[PDB]
Amino acid sequence: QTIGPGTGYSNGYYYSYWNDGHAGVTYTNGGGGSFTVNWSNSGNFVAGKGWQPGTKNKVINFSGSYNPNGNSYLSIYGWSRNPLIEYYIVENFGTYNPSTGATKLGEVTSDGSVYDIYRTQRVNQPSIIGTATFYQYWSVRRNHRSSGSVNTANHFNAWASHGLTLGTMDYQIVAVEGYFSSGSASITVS
Numbered sequence: 187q188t189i190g191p192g193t194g195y196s197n198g199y200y201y202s203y204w205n206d207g208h209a210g211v212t213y214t215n216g217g218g219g220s221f222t223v224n225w226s227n228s229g230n231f232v233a234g235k236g237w238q239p240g241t242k243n244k245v246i247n248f249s250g251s252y253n254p255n256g257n258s259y260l261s262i263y264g265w266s267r268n269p270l271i272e273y274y275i276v277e278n279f280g281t282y283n284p285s286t287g288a289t290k291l292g293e294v295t296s297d298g299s300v301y302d303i304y305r306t307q308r309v310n311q312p313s314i315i316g317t318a319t320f321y322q323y324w325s326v327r328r329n330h331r332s333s334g335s336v337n338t339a340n341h342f343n344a345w346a347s348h349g350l351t352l353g354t355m356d357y358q359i360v361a362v363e364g365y366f367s368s369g370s371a372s373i374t375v376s
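Each position in the sequence shown, counted from 1, maps to that position plus 186 in the working numbering.
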């Protein structure tokens, strides 16, 4: 509620807010499923509310406003362990296209749009377990939106048949991620 980086609960919802230490972000937990993040000349941060652990069949609802001014993402975001996987199903984003860099593996239609499916590999990056090497799986929504429902099952199933296995689920969050930019977002999860 103007919280510094951390993990916890605040009315049945798990929250996770991570940043690289750069100034510029203010993350506020609101009641229940709500949080606000406002950032001006940020570094890299990831902030959001949801579930710990997540599930391979959750259908996640979100509303509110997302107003990026530069490099940012609004995604269903989470991790799995063994294998260590960072995954993103991106609903909307700013000036930087998330697929830059990626290998396209396929497509899937869910909740009103087809999404393009990509795999990237992070080498010696922070993870949930500390500095690690891991694959990053992405579904990018062609038709961008700031509110809706996501049936996660569709994405995890598509990923599976393109050969992108997932281990045991860690947290599963609706997150706004920023990379050295500015913006505003107020979102509510359910």
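For every residue, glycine included, the Cβ atom is placed at its ideal position computed from N, Cα and C.
### Task
Please report how far the alpha carbon of residue 344 lies from the alpha carbon of residue 293, in whole angstroms.
Here residue 344 refers to the residue found at position 158 of the sequence shown. Here residue 293 refers to the residue found at position 107 of the sequence shown. Between residue 344 and residue 293, the alpha-carbon positions lie close to 8 Å from each other.
### DSSP three-state assignment for residue 249, whether helix, strand or coil
In the sequence shown, residue 249 corresponds to position 63, counting from 1. Residue state for residue 249 is assigned as strand, using DSSP reduced to three classes.
### Query
Helix, strand or coil for residue 372 per DSSP?
Reading the sequence shown from its first residue, position 186 is the one you call residue 372. It is a strand residue.
### Query
From which residue to which residue does the alpha helix (DSSP H) around residue 268 run?
On the sequence shown, position 82 is the one that residue 268 refers to. Note, residue 268: premise wrong, no alpha helix (DSSP H); not H, not E.
### Where residue 351 falls: helix, strand or coil (DSSP)
Position 165 of the sequence shown, counting from 1, holds the residue named residue 351. Three-state DSSP puts residue 351 in coil, outside helix and strand.
### Query
If we ignore side chains and look at the alpha-carbon of each, how far apart do residue 254 and residue 204 end up?
Here residue 254 refers to the residue found at position 68 of the sequence shown. Here residue 204 refers to the residue found at position 18 of the sequence shown. When rounded, the distance between both Cα atoms is 18 Å.
#### Entry: Assigned secondary structure, residue 343 (DSSP; H/G/I helix, E/B strand, else coil)
Here residue 343 refers to the residue found at position 157 of the sequence shown. In the structure shown, residue 343 sits in a helix (DSSP, three-state: H, G or I).
### Query
Whole-angstrom Cβ separation of residue 202 and residue 357, contact assumed at under 8 Å?
To locate residue 202, count along the sequence shown from 1; it is residue 16. To locate residue 357, count along the sequence shown from 1; it is residue 171. The Cβ separation is near 6 Å, so the contact holds.
### Message
Please classify residue 195 as buried or exposed, where buried requires at least 16 neighbouring CB atoms within 10 angstroms.
### Response
In the sequence shown, the residue the question calls residue 195 occupies position 9. The C-beta of residue 195 has fewer than 16 other C-beta atoms within 10 Å across all chains shown, which makes the residue exposed.
### Task
For residue 280, count neighbouring Cβ atoms within 10 angstroms of its own Cβ and tell me buried if that reaches 16, exposed if not.
On the sequence shown, residue 280 is found 94 positions in, with the first residue counted as 1. With 16 or more other Cβ atoms within 10 Å, it is buried.
### Query
Less than 7 Å separating the beta-carbons of residue 230 and residue 321?
Start at 1 with the first residue of the sequence shown, and residue 230 comes out as number 44. Start at 1 with the first residue of the sequence shown, and residue 321 comes out as number 135. No; because the gap between Cβ atoms is not below 7 Å, this pair is not in contact.
### Query
Can you name, in chain order, every residue of its own chain whose Cβ lies under 7 Å from the Cβ of residue 354, other than the five neighbours on each side?
Along the sequence shown, one-based indexing puts residue 354 at 168. For residue 354, where only same-chain residues beyond five positions count, the Cβ hits under 7 Å are 266, 267, 268.
#### Entry: Reference residue 339, options 325, 333, 332, 330, closest by Cα
Numbered from 1 along the sequence shown, position 153 holds the residue referred to as residue 339. Of the candidates 325, 333, 332, 330, the residue whose Cα lies closest to the Cα of residue 339 is 325.
### Message
Quick check for students: name the residue ranges of the alpha helix (DSSP H) that lie wholly in the region 294 to 346, counting only runs of 4 or more.
### Response
With a minimum length of 4 residues, no continuous alpha helix (DSSP H) run stays inside the region 294 to 346.
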